[PDB]
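[1] task: produce atomic coordinates for the following.
(3 chains, ligands or ions: 9)
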Amino acid sequence: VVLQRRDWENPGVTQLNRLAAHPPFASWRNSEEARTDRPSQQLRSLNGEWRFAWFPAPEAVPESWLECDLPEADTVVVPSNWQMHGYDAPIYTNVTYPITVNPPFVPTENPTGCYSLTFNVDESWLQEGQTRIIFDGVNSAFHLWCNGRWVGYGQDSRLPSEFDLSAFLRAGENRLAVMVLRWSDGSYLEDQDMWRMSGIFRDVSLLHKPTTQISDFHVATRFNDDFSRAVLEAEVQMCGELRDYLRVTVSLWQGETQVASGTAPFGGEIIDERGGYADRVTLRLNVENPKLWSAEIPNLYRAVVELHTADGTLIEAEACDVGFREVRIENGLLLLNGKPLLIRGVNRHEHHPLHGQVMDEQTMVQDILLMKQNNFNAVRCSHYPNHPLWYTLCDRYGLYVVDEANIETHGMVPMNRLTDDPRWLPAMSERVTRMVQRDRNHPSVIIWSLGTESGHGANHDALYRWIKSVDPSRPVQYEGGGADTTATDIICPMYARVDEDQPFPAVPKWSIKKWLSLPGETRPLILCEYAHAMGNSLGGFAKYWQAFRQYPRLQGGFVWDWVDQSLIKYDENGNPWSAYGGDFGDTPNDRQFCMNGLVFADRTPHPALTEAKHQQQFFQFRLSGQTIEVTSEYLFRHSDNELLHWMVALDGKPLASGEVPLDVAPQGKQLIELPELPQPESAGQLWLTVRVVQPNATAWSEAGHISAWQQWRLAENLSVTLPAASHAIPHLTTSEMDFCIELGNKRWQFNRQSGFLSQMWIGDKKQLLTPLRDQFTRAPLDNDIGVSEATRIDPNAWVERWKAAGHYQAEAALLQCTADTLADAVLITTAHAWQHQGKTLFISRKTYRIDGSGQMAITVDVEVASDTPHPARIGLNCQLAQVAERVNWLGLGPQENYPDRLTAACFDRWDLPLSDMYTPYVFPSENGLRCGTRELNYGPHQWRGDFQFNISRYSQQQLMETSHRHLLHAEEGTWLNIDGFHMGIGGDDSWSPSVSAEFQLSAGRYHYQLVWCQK
Amino acid sequence: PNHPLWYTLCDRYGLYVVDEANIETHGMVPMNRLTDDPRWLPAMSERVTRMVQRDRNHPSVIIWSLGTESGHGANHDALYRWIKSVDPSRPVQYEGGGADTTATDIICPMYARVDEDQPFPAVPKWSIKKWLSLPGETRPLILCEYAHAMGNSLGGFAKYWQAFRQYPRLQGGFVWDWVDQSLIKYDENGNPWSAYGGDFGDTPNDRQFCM
Amino acid sequence: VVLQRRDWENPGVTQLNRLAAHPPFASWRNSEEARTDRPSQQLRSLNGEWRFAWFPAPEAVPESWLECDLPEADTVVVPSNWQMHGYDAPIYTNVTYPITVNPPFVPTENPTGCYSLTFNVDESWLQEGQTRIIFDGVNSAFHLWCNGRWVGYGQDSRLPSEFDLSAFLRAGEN
Ligand SMILES: O=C1O[C@H](CO)[C@H](O)[C@H](O)[C@H]1O
Ligand SMILES: [Mg+2]
Ligand SMILES: [Mg+2]
Ligand SMILES: [Mg+2]
Ligand code: NA
Ligand code: NA
Ligand code: NA
Ligand code: NA
Ligand code: NA
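    Residues are numbered from 1 along each chain as shown, chains lettered A, B, ... in the order given. Ligands and ions are numbered 1, 2, ... in the order given. Have a look at this structure:
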């Protein structure tokens, strides 16, 4: 009947014989083991080596497989995605469905994973009680057999499917057969922008419960006005035979101390004309001065739920961690424990570069640590319920969680075609209701989400109300249909900009500041997605945080996103490389658009992470005279693990430093008076830097962890002393093709046909491999290219405007090249025009002054045609012959920083290996820029001025021609790009121009000056 | 939902209609055991949604009902909101769980009395005059059932109508009910007689309570 | 698979292959007929004399009934309640369910009404367009076959269940 019914092409069948959803169970038979959360003899893992065979369709599966192991099958580890063992290709598509849109049907060619396990069951498990199997995650649908007999069927890839195996099992050896389908009608609700994989990718377990059992329990905590008193309310349900001797005890523990306890027989209050629930009981425990849970101090208690007889014989115990906290929206503000939150959030998919969508504790812990170390306090489960351990870890480490139903129908036209259809209400309801039933006792979950990108349909309204009715403790949000529909308690837009309206028809994205005050609007605004961190991105991040801090009802947002969804492939030599869309033969695909993370797949930070850390700081600073004002943004905790280190330096040379303990109340202020600083012995700019340091290790950070910093310019003494007059006078030599200048062991050559410096000599060793030429282009960033889908060739994108205007094609045309001998110098004057098909794009006018001290002063004045698209940069580039080990600069750093992403960078003297001056974005682009640089040192060379630079073994040309970072090859010398000016990188989104007007190079006329010398 | 012709005739002759979903779980213990269970939401939703989809163009239909005697479950709230979203032109009413829950736009009690309170635990039937002015209450009151017309009955009918006329927000009600549910049986001579519960060998039965 | 699935003991299955619900249709091919609400040639009634047999359970239904009229069956008027034709007793109960309260299960002794009809369809309906069958009320659940082939299943006693018969119909007797 299984092949005949085709349950995987019927949205009215989402399960068969599946048990009811419930909070995490372990069926402890000892209360102390429940209290301490130790392992339970009644909960076994079936994880490990299973048997697996791949088939192109369920019709290709032999009947013998149900009762006997296939000899051709392989032994594979479970949990796994079968794409990660190479049985078929993972597919990366964003919006467009990986299957033809013909609901409820899927392709007849539907990859089928046949899993099986031969395993033991002890006789004691079968002599009494109930033995069930739990599949925490099967993608996307499956039938289950046990000992050759059909058990049931399940859909929804991201929540546990449980089945009663009591009547199916024998003492001794037993065999499970699991037929997993890659595609089902469930897939229509699973159109997340991620790799499309399949298999048994989450834990498999066996759970033994007694016949008379705890079948459900809900924990609620309510508070008085000042949170000095709480009532813990615990509703407990049983299954089995009802009896007068039955009792439930809920006890609450803080460490080894029992704080409160209540005991009652079964039988709820009368609720209607037919009485009440005889199979339910509600316990109420008073708790004076509860320790409150927050992401700042994750105070937890332990609730133990004992099912027992009147005289104390235990039947079973369940338990959970309890966090006493209230979440409510009042007067337009989201309040936690009566205080308005500021969400420093990030979206986090479950992704591993080797294991695919299988999650392990180590990876989860690594993520949480990195998130907290970088000043995140919140996470969004984009876009499905997570591995169950995730919530336990967020409970214990302290992160706010948006728990989100596994519903996305992005690729439908229009987006709400299914979600407005009552025929799809049952499938949708189970994704929402079974999530709430599983996760409702986790304190870390503060907000429910109805899913993502599924338009706004009547089904959303129905399910919104269901949650509000079933769990009044948490707000419900949902972004679809314009982010402010009747199905959301919070205005939760994606990539709405700070000041700029994007007034799309029907679903406009208003400036977030504007959105709050639209006539009749009163709700809080928290972006469910913002600051798209794809490649070289997070330009404009500081603008969001300034607005968040200024506007009470702007309460933050969740960055998109945490980790690049790249996957490891191996080349012919067996060396690993990072792969994206299309690299597995998957087609259609959306290329690099799966890589939007603040960290690489292996959790190495992108440069943008530090910009997020700095903007998300919990301490704010002001300077007035000798006084630093420190303001705490903590809502609950005092600064009891913080000291302020301060340092004053003169152009990188340390002058004075000290330490002061921080003693700041939540939302409080502390004034720190700096000692009288000694006056500088020379010219230059004094800089004050402050860092907040955590002396002690925490659960989430090491001793000496830096949590916050800030810099200010102090006194400046401009240099008024002229350089010591030189005896020597540089000599000019003139040929038809060159102007050469010589001074001691130094020589400069200017090509009279090109008009550029073609060579320089130290001794008589050549310094250049390529001439020093103007550059007005950059290897395009992902933000420059501006595509969310591989098929789109968008004329509006920056890269396309540059290409169409001929910026990449423009050839320098020489207008002037003259040489004059001065009293103590040689002056070379040049002028070039860059034209494309008769149009003058740019004019560059330069002077090079070479004096007797060996310094070459370059003055550059550029004209940019007002009607050409604003250029990516205004600078010079050359390939140096030198390959040196180190780069030393006085400027902003140490990490990569761009004009609209430089707030985290500090001004100082930095020294790094050359390789650190390149950022290995998996899709190569312009990278490694450092701004506000007054001095750069590389080998024998020094450049001085006020410029931005990048320095690497890769030319802009190679970077723009190369699609993968592992395909890059170090070129002969060192490519140097020195920019007078450089365009913003943007990032408000990555599929439309996102660079703010103040960071575009639109001034028309540009001036910069550089001194090049040998040190 | 009735035979489709009923709505056509009510349109043309002129009667106001409460169109009601085919959902009643009276015999459950407690009454909301199914209607508060998410497993039964799909079956319940089709009884509501497919009614609205059929009858939403009939002018005679002025109010939707979520069914009767099924307590008050979270499934009622979901479906209440579904209707309000899909068809804002008609109020939604539902009596279960005490006649004034979050799943009803109209206080719609059954057999609430004019002056006399019946303060049952959980689901009290207040005096209708008193019900209207309970703290915070602002909704209209229309009894979905009153004046049980069983046998020699309708004593005190005038008392309802005096109150309906005096109180603006007491906007009437629906008598229980129109027609006796008696069935024709025939005796030895082939003479017809009116039969009720039990007269077909049906057991358990509730006798004349169908009339 | 019909007897094996027991769709009538599963609240997750309320229908199979049932068409979307909609307001009353008549598919007029003349605008003046639509305006005046006169009969439509495209809306036929199948009310009248049908064949009927009673069984104590669906397991008792002979497989031959799918493709051939039962000789022991009676000719009855439809629409009708079969209790009113004396096939079994109507039950009057108020609150207490007529069956043991054990959701989603019903008694094994489940009175089964086997209705059948032989009918002709005019030629032009076979060549073009979509032909559906509408059951305005069936109490309480039913499976449907057309020319021996299974069509679908429906619940809810008080709303129409509609099924596309286009791929099932043939020239002559159906
Ligand atoms: O709006 C979105 O933009 C992201 C683009 O990377 C990603 O597709 C998210 O899943 C989606 O919610
Ligand atoms: Mg299905
Ligand atoms: Mg999407
Ligand atoms: Mg059913
Ligand atoms: Na704010
Ligand atoms: Na993406
Ligand atoms: Na590139
Ligand atoms: Na009145
Ligand atoms: Na009655």
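
[2] CA only for contacts and neighbour counts going forward, please
    Will do.

[3] for the closest residue to ligand 4 within the stretch 701-850 of chain A, what are its contacts?
    Residue of the stretch 701-850 of chain A nearest ligand 4, by CA to the ion: residue A:789 (43.0 Å). Shown in contact with residue A:789 (CA atoms under 8 Å, 6 or more residues apart in numbering or on different chains): A:94, A:95, A:590, A:591, A:593.

[4] wait, a strand at it?
    No - read with DSSP: H, G, I helix; E, B strand; the rest coil, residue A:789 is coil and lies in no strand.

[5] quick revisit: closest to ligand 9 out of the contacts of residue A:789?
    residue A:95 (56.2 Å).

[6] now the closest one. Its backbone dihedrals?
    Backbone torsions of residue A:95, given as degrees, to the nearest 10, read phi -90, psi -50.

[7] tell me how far it lies from ligand 7.
    Residue A:95 sits 23 Å away from ligand 7, going by CA to the ion, to the nearest Å.

[8] wait, residue A:51 sits on residue A:72?
    No - contact criterion CA atoms under 8 Å: residue A:51 and residue A:72 do not qualify, at 9.8 Å.

[9] the two: who's more crowded?
    Neighbour count, other CA atoms under 10 Å in any protein chain shown: between residue A:51 and residue A:72, residue A:51 has more, with 20 against 9.

[10] mind listing what's buried in the helix or strand hosting that one?
    Using DSSP states H and E, the element containing residue A:51 is strand A:48-55. By neighbour count on 16 or more other CA atoms under 10 Å in any protein chain shown, the buried set for strand A:48-55 is A:50, A:51, A:52, A:53, A:54, A:55.

[11] who touches the third one in this structure?
    Under the criterion of CA under 8 Å, 6+ apart, the neighbours of residue A:52 are A:73, A:74, A:75, A:76, A:113, A:114, A:115, A:116.

[12] what's the helix or strand for the third one?
    When elements are assigned from DSSP H and E, residue A:75 belongs to strand A:74-78.

[13] chain center to the helix or strand that that strand is followed by, what's the gap?
    Following strand A:74-78 in sequence order, the next helix or strand is strand A:91-93 (DSSP H and E). The chain centroid and the centroid of strand A:91-93 are separated by 19 Å under CA atoms, centre = their mean, to the nearest Å.

[14] from residue B:150, how far off is the residue of chain A at minimum distance from ligand 9?
    Residue nearest to ligand 9 within chain A (CA to the ion): residue A:273, separated by 16.2 Å. As judged by CA to CA, to the nearest Å, residue A:273 and residue B:150 stand 21 Å apart.

[15] and residue A:860, by the same measure?
    103 Å.

[16] kindly report the same for residue A:904.
    Taking CA to CA as the criterion, residue A:904 is separated from residue B:150 by 82 Å.

[17] now residue A:430
    Counting by CA to CA, the separation of residue A:430 from residue B:150 is 44 Å.

[18] got the residues of chain A near ligand 3?
    A:192, A:193 (CA under 5 Å from the ion).

[19] chain center to the helix ranked longest in chain A: distance?
    Counting residues, the longest helix found in chain A (DSSP state H) is helix A:425-439. Relative to its chain's centre, helix A:425-439 lies at 26 Å (CA atoms, centre = their mean).
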